[PDB]
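Atoms considered below: every heavy atom in the structure, side chains included; atoms not considered: hydrogens, waters and symmetry mates. Throughout, protein chains are lettered first and strands after them, A, B, ... in sequence-line order, and every chain is numbered starting at 1.
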Amino acid sequence: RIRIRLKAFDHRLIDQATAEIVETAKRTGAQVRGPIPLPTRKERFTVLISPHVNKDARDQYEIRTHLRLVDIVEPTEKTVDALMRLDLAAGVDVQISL
Amino acid sequence: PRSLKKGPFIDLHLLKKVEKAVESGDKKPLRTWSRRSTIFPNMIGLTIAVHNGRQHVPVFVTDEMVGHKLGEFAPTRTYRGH
Amino acid sequence: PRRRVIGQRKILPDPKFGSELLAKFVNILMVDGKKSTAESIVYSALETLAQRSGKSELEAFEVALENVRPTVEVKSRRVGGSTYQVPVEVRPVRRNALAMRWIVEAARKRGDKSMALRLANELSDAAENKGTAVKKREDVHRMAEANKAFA
Amino acid sequence: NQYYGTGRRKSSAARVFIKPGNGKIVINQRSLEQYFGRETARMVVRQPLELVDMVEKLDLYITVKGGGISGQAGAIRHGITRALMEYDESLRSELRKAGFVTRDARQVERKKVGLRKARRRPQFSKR
Amino acid sequence: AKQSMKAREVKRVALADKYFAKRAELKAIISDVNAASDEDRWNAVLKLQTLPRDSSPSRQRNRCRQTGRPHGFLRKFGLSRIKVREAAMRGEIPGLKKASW
Amino acid sequence: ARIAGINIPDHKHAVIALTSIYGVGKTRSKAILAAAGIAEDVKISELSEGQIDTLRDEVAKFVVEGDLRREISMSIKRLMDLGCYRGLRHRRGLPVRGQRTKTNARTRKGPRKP
Amino acid sequence: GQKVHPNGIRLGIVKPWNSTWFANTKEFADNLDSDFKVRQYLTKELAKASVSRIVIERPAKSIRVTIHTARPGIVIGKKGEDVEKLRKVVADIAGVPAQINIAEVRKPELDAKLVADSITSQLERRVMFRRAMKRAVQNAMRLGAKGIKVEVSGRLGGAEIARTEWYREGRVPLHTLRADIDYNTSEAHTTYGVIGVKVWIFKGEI
RNA sequence: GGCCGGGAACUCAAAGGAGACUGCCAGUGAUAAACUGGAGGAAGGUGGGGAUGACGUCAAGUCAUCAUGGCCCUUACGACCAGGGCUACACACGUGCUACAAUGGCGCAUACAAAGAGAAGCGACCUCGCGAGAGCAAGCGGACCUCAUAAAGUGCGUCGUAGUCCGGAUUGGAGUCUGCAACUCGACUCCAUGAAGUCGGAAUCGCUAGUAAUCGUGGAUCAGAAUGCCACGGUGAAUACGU
RNA sequence: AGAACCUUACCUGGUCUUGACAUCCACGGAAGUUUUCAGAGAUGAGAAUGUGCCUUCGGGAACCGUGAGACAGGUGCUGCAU
Ligand SMILES: [Mg+2]
Ligand SMILES: [Mg+2]
Ligand SMILES: [Mg+2]
Ligand SMILES: [Mg+2]
Ligand SMILES: [Mg+2]
Ligand SMILES: [Mg+2]
Ligand SMILES: [Mg+2]
Ligand SMILES: [Mg+2]
Ligand SMILES: [Mg+2]
Ligand SMILES: [Mg+2]
Ligand SMILES: [Mg+2]
Ligand SMILES: [Mg+2]
Ligand SMILES: [Mg+2]
Ligand SMILES: [Mg+2]
Ligand SMILES: [Mg+2]
Ligand SMILES: [Mg+2]
Ligand SMILES: [Mg+2]
Ligand SMILES: [Mg+2]
Ligand SMILES: [Mg+2]
Ligand SMILES: [Mg+2]
C-alpha cells in the first residue's frame, strides 16, 4: 500500500535507514513486504583537471544514488504516524506515497 | 529562414522610420543598425543607410530587394586579395 | 614478442564442414568483422568449385592450397653487417596461413563479377597451377633458391 | 525432472531448461532455426549436445536476453552445458575437455580518456 | 572574472525572471494558430522585440557560481570543472568520489 | 527514348533513365512513372510509343533541361546583379552558404593556385 | 603537479565526506553554493579560533553545521553568545533553521589543517620556514603519529626564486588506500606573495 | 498480451558473503627464491580493465578559472549599449568525417543490445504534413512514462563494373524549428543539381585481443547548434619465428 | 563540456564616471506596477499608486535616487616573482 522510497548517496546509510523503517514497522504492526534494492544510479562526470589545455588529462567522478523501496502494506494507522515525523540519517531522502 | 507562421521580421524603430519616410518625403538616408530586419515593399525607393560594422552603407531599395534582410547589402568584411 | 611464448588462438571449426582450416580461411577473407558475409562468400565459392571440379569442396580446397602453399620463404635479415635475403623453411601453420592469404589477395584482385565468383575462379586456377597466387608462390620460391647461397 | 542451467556470454544471459524428450529446441517461443538465422550460432547452440547425446534424447526450453546473436548463442551453449551438468554430472569432464564450461568472461573494454576506442590511439605526429 | 560580467549575469537573470510570463504570453500569441494571423500575432512580434533583450533567458550564460567562469560549466553542481574538482577532492560535494570501472 | 528534348537511355529501368533529365531526380522520376502508370523496373526499350509520349506529357508538368537551366541562370544572375552577400559570393567564386573558407572550399574554389 | 588528492582518493574508503546531505539535481547546486557561503563565512569569522573542519548536514530543511575546532571555548564564547550569533548569521544565508554543534580537536598537533594553519601564521609573522616545518614535524611525531610530511613552496624567506622544501618523518604511505592520512593545505600571504603549505599526517591503516 | 490470479523457482536488481592463495601434484632449481607443466576450478598464477604517477626534469603550461608579490591605468587599460568580428582566404600543416563501391548501392520484410538522460524537462497515443515538423495531448522526478525504430545482420528482388542506381561536395528553389533576432553566421527537411574522387608520392600512424576493424546508441556542454569529446553495447579478426 | 545576440575578453560608433560590482557618510524618499515620447540601444524626459510585526511618534531594516572622498574596477603586464 504505502510506498516508501529511500535514496541516499551511501549504501551503508541507506541500509541503516531501511532497517530503521522496517523495524519501526513490525513493532506497530505486521505486513511489511521488505526492502527492494532498485537499480543504483551511477551519474558520471568527466572534467578537465588542468587549469589550461591538456585535454587528455581528466578526472572521472561519479555519484551513486542508492535506492530502496520498503512497500509497507495495509497500515495499522499506528504505523503511519511512526513512519512520518522522522527525518533520520540526515542524508537519506524519503518519499512516502499513499 | 524565419518561419512563415511568424511573419517577416523588422525592428519597430526601422518600421516607424520607414512609415514616416514613405509618408513625408524620400530625401534622407534612413540611418539604421538593424541589418536583421526584412526589407518590406513599402521601403522601395528609400536610401536606407545600413550599418556594416563601422560605416553606414547606402542601400537604395528596389522591389527586387524584398524577400531579403538589410544586412545582405552592407558587407561587413573587407577583402581585396592576398 | 620479446618475453612471452605466444599461446595460440582457439578457432571453432567450420559450421558447414567442421574444418578449422576452412574457418581460418573465412577469417582471412572476413573484413570489418563481417563473418556472416565472409562465410557466405566462401560457401558459394566452394559450391561453385566443387561443381567445376567434381570432387568435394574440401578436397578441391586442399588441392588449391597445396598448389599455392610455399615451402621456403626469404627473410630480410643478417648475421651481421648487411641485411640480405635469407631463405628459411616455412612451418606448416605459416604455410597454410600464407597459402590462404595469397589466395584471398589474388581473389580480391582479378575482378570477375563478385567475390564468390572471384574466389572460385582463383581456387580453380590454383588447383590447375595458373592463378596469381600460384605465381606468388613461384616468385617466392625463386627469391629463395636465388638466395640459396645464404642459409 | 527439469534440469536448469543459466549460461552467460558477452552481455547475454540464457535460462536453459532441459527435460528428457524427443528433440525439442525452443528459444523465446521460436525454434532454433527461426530464431538463429546464423549457421554458426546454431552450430554453437547444438555443440554441447552434439558432444554427448542430441539425437532426440532431450527437449530444451531456452529463454535468452541481452547481447547480440553470437552472445546469445554462447550464453545458450553455456546454459545447456550447465544444465547437462545437472543431469548425469559424469558428463562434466567430457564437457570441460571441449570447453563449454568456462564462462568465457571476456567483456568489451571500456573506452578510455584520450583514446578513441579503448586501445586505438589518435594518430600520433612527430611534428 | 570581471565583476562587471558577473553583474551582467545577475542583471540578466533578474530581468528574465521579471519579464517572464509576459514574454511567455506574447510568444504564446505568436505561436498560436489563431489570433487573426494579421493583427494580434503581428503586434506581439513587435512587443516581444520592444521588451528588454536581457529578459530573454537565451542570453544567460551559466557561469561558475564561485569564479564566474563561462566555460567548463556543470549544471549538476553550478561550478566550472576546476572548482568542481577542488570541492570534490576536499569532500565538499556529497557522494561524489573518483569513478573507476 | 527521346523525352524532354534529350535522349534518355533504354536498357535501363525507367526510374533510372528518367533521372537523366535535367530537373528530374529519383523522386520526380518515380512520380512521373506513377502518374504514367508504368512500372519502375521496366526498360525504356520495353515500352510502347503510347507509354513514351504519356511519359513525355507527364514530364511536361515539370520545369526541365532548358527551362530549368535558364531559371537557375536567372536566379544566380539576379543575385549577382542585386549585389547581395550571396551575389558577391557568386561573383568572387567563394562558398555561398557560410562554409569554411580558410582551409576547404576546393569545390567552389578550384584546385590550389600556387 | 602529479599527485592525487589524498582526501579525495580516500573519500570512499577511509575518509568521510564533509557535506552529508542528499539533494536532487534541482537543489543540488543551490545546496552546494549555500555550503560554500557557510564555510566561507565561518572560516573568515573563526580565522582566530583554530577551526579544522566544518561538516555540513541538511536533515529535512535544516542546516546542521559541525565545527571541528581546537578552541571550542573560543568558538562558543560564554553564555553560548558566540554560537548563537553564528547560528543566526548562518541561518540567514542558508535560508533554513540552523544548528551549530562543536567538536573539540583533542590533538591540534595531529590535524593537517591546524598544523598547516599554524605554519602559515608563523610564515606571516616572518618566522623562518625551516623552524616552522621542523617544529610541526616534531610536534606531531611526539604526540603520536606514524608519520608526517610538511611541504612549503614559494619564495621562502623572500628569495627571488621560489623553491619547495619538505620534511618527512616516519611513514606517509600515499599509495596505500586504507591508510588514515589527514591531508590539508593553507597559503601564507607574505609581502613576497603566496607560500603554499601542505601537511600530510599518517595515523595508521584500516 | 506476464495480461490477470498466483509463484519467489530462473533472469535480473543490490546488500552481505565464498572464491585464486603457486593452495595442491610432478619435474627443474643452490638443499632457496623461483621456473616449467598438470589437476581441480567460472577464473591460474600481479584472471581482464581501471583508479593509483616515487625523488626529481623541462625557470614545461597556466597572472585569461581562481588566488597572489610587484608594476601599470584609474573621466580610463574601468563601465553601459548597438552593430560588426572571433566564421575573413593566393596558401601551408595537424586531427577527423565521408567516399572512391558488388564483402556494395537501392527497395521491401524481419531479428538481437548495452549504457544513459529527463521538470520553463523528456514528451507517448491520435490527427495533419512527402518530410523536417505541427496540433492536441497522457505518462513520468522515473527497473513504471518518454527520449527510443539499434545498426551492422538475415531473407527476397534489382543494379552488373559504369564515374555508374558509386560518390554527395557544391549550387538554385521551397520550407521547419529554436531564439527578441538565422544577412554576415544555425541546424534540419523537401525538390532539383551529381563536383573531386578508380584506393592515394616520398613518407608516416594505431593496434597483441573481444583487441584492431566495422556498426549503431547515449551523455555533458546546450534556447538552437558536433564528423569533436566522454561513455555504451553488436559483429569480430590477422599475426607474433624471434631480438 | 558547444562565438547569431549573449558569451566576448576584439573593432567602429554612441555614451558614464565614486561608477556595472562592495563598505562607509549626509540629503529626499518605500520597495514595487502600469505607461508615453525621443533614441540603435545605452539612456534622457513624463504621467497614478504606495504608506510593512519599528514607530516609545525619535528614529528604524529594506530598497532606492542624488552629492564628496576613501575607494571600487582592470580577461592590463610579469607563469622568468608566486
Ligand atoms: Mg534514471
Ligand atoms: Mg584529442
Ligand atoms: Mg566498441
Ligand atoms: Mg548560451
Ligand atoms: Mg563571475
Ligand atoms: Mg535528373
Ligand atoms: Mg617559460
Ligand atoms: Mg607562454
Ligand atoms: Mg574599456
Ligand atoms: Mg555587444
Ligand atoms: Mg558577432
Ligand atoms: Mg576560433
Ligand atoms: Mg547515391
Ligand atoms: Mg553520376
Ligand atoms: Mg574526374
Ligand atoms: Mg601491450
Ligand atoms: Mg590466427
Ligand atoms: Mg568607445
Ligand atoms: Mg614554469
Ligand atoms: Mg606554477
Ignoring hydrogens and geometry, is there a side-chain-to-backbone donor-acceptor pair from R110(C) to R118(C) under 3.5 Å?
no
How about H51(B) and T32(B): do any of their side-chain heavy atoms sit closer than 4.5 Å?
no
Between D10(F) and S45(F), is any side-chain donor less than 3.5 angstrom from a side-chain acceptor?
no
Hey, are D67(F) and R70(F) close enough for a salt bridge, meaning a charged N less than 4.0 Å from a carboxylate O?
yes
Does the pair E39(C)/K34(C) count as a salt bridge with the N-to-O cut at 4.0 Å?
no
Taking C-beta and beyond as the side chain, do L12(B) and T50(E) meet within less than 4.5 Å on heavy atoms?
yes
What I'd like to find out is whether the side chain of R81(E) reaches to under 4.5 Å of the side chain of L74(E), using heavy atoms alone.
no
Rounded at 0.5 Å granularity, tell me how far CD1 in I3(F) sits from CG in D53(F).
9.0 Å
Under a 4.0 Å threshold between the charged nitrogen and the carboxylate oxygen, would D11(B) count as salt-bridged to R36(B)?
yes
Is it the case that more than 12 heavy atoms not belonging to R121(D) sit under 6.0 Å from its CZ atom?
no
Testing the basics here: between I44(F) and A14(F), what is the closest heavy-atom pair and its distance to 0.1 Å?
CD1-CA, 3.9 Å
Is there side-chain contact between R108(F) and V96(F), with heavy atoms separated by less than 4.5 Å?
yes
Is any side-chain N of the basic residue among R86(F) and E72(B) closer than 4.0 Å to the acidic one's carboxylate O?
no
Check the pair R65(E) / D30(G) against salt bridge (charged side-chain N to carboxylate O under 4.0 Å, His left out), numbers first and verdict last.
CA-CA 10 Å; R65(E) 275 158 165 282; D30(G) 282 319; 2.7 Å; yes
Would you say the side chain of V59(B) lies within less than 4.5 Å of the side chain of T47(B), judging by non-hydrogen atoms?
no
Could you grab the distance from atom OG of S40(C) to atom CE of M115(C), nearest 0.5 Å is fine?
12.0 Å
Answer with yes or no whether the side chains of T38(B) and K69(B) bring together a donor and an acceptor at under 3.5 Å.
yes
Run the salt bridge (charged side-chain N to carboxylate O under 4.0 Å, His left out) check on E23(B) and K16(B) step by step: do they pass?
CA-CA 10 Å; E23(B) 292 293 329; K16(B) 301 287 98 176; over 6 Å; no
Under a 3.5 Å distance rule, please check whether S31(E) uses its side chain to pair with a backbone N or O of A28(E) as donor and acceptor.
no
Which distance, rounded to the nearest 0.5 Å, do you find between the CD1 of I38(F) and the NZ of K30(F)?
15.5 Å
Give me the ring orientation class for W33(B) and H56(B): parallel if the planes are under 30° apart, tilted from 30 to 60°, perpendicular past 60°.
perpendicular
Would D33(G) and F77(E) satisfy side-chain contact (heavy atoms from CB on, under 4.5 Å), going step by step from the backbone distance to the final call?
CA-CA 9 Å; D33(G) 203 57; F77(E) 309 118; over 6 Å; no
Measure the shortest side-chain to side-chain distance between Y61(A) and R85(E) over non-hydrogen atoms and say whether it is less than 4.5 angstrom.
yes
Main chain of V59(F), side chain of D57(F): is a donor-acceptor contact present, judged purely on distance under 3.5 Å?
no
With a 3.5 Å distance limit and no angle check, can you tell me whether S37(B) reaches the backbone of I10(B) through a side-chain donor-acceptor pair?
no
Just verifying a value: how many Å separate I32(F) CD1 and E58(F) CD, rounded to the nearest 0.5 Å?
4.5 Å
Within 6.0 angstrom of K28(B) NZ, more than 12 heavy atoms from elsewhere
no
For the NZ atom of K22(E) and the NZ atom of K18(E), what is their distance to the nearest 0.5 Å?
8.5 Å
Report the distance from atom CZ of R12(E) to atom CG of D17(E), rounding to the nearest 0.5 Å.
14.0 Å
Which atom names give the shortest non-hydrogen contact between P9(F) and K12(F), and what distance separates them?
CG-CD, 3.7 Å
Under the 3.5 angstrom rule, does the side chain of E65(F) hit a backbone N or O of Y22(F) as a donor-acceptor pair?
yes
Measure across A1(E) and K6(E) and return the closest heavy-atom pair with its distance rounded to 0.1 Å.
N-CE, 3.5 Å
Any side-chain heavy-atom pair of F40(B) and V61(B) under 4.5 Å
no
Set out, in order, the CA-CA distance, both residues' side-chain angles and the distance that settles side-chain contact (heavy atoms from CB on, under 4.5 Å) for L32(G) and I93(E), then state yes or no.
CA-CA 7 Å; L32(G) 212 62; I93(E) 306 179; 4.1 Å; yes
Restricting to non-hydrogen atoms, name the atom on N54(A) and the atom on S50(A) that form the minimum distance, rounded to 0.1 Å.
OD1-OG, 3.4 Å
Going through the checks in order, is the salt bridge (charged side-chain N to carboxylate O under 4.0 Å, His left out) test met by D32(E) and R41(E)?
CA-CA 8 Å; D32(E) 197 340; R41(E) 207 178 62 193; over 6 Å; no
Can you name the nearest heavy-atom pair linking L96(E) to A88(E), along with the distance?
CD2-CB, 3.6 Å
Could you walk me through whether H71(E) and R63(E) satisfy the side-chain hydrogen bond (donor to acceptor under 3.5 Å, both in side chains) test, starting with their C-alpha distance in whole Å, then the side-chain angles of each, then the deciding distance to 0.1 Å, before giving a yes or no?
CA-CA 7 Å; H71(E) 275 293; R63(E) 307 186 166 268; over 6 Å; no
Any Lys/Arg nitrogen of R61(E) or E9(E) sitting under 4.0 Å from an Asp/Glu carboxylate oxygen of the other?
no
For the side chain of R108(C) and the backbone of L29(C), is there at least one donor-acceptor N/O pair under 3.5 Å apart?
yes
Can you tell me if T19(F) uses its side chain to pair, donor with acceptor, with the backbone of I16(F) under 3.5 Å?
yes
Keeping the roles fixed (side chain from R116(D), backbone from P122(D)), state whether a donor-acceptor pair exists under 3.5 Å.
no
Just wondering, do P8(B) and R2(B) contact through their side chains at under 4.5 Å, heavy atoms?
no
Around atom NZ of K77(F), are there more than 12 heavy atoms from other residues, nucleotides or ligands closer than 6.0 Å?
no
Go through the steps for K6(B) and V45(E) under the test side-chain contact (heavy atoms from CB on, under 4.5 Å), then give the verdict.
CA-CA 8 Å; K6(B) 301 181 72 176; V45(E) 170; 5.5 Å; no
Run the side-chain contact (heavy atoms from CB on, under 4.5 Å) test on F73(B) and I39(B) for me, step by step, so that the C-alpha distance in whole Å, both residues' side-chain angles and the decisive distance to 0.1 Å come before the verdict.
CA-CA 11 Å; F73(B) 310 94; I39(B) 312 180; 3.5 Å; yes
Show your reasoning for whether side-chain hydrogen bond (donor to acceptor under 3.5 Å, both in side chains) applies to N42(B) and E19(B).
CA-CA 8 Å; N42(B) 58 357; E19(B) 296 297 330; 3.1 Å; yes
Closest non-hydrogen atom pair, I48(B) against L30(B):
CG2-O, 3.3 Å
For the side chain of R78(F) and the backbone of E64(B), is there at least one donor-acceptor N/O pair under 3.5 Å apart?
yes
Look only at the side chain of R89(F) and the backbone of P95(F), and say whether a donor-acceptor pair between them is shorter than 3.5 Å.
yes
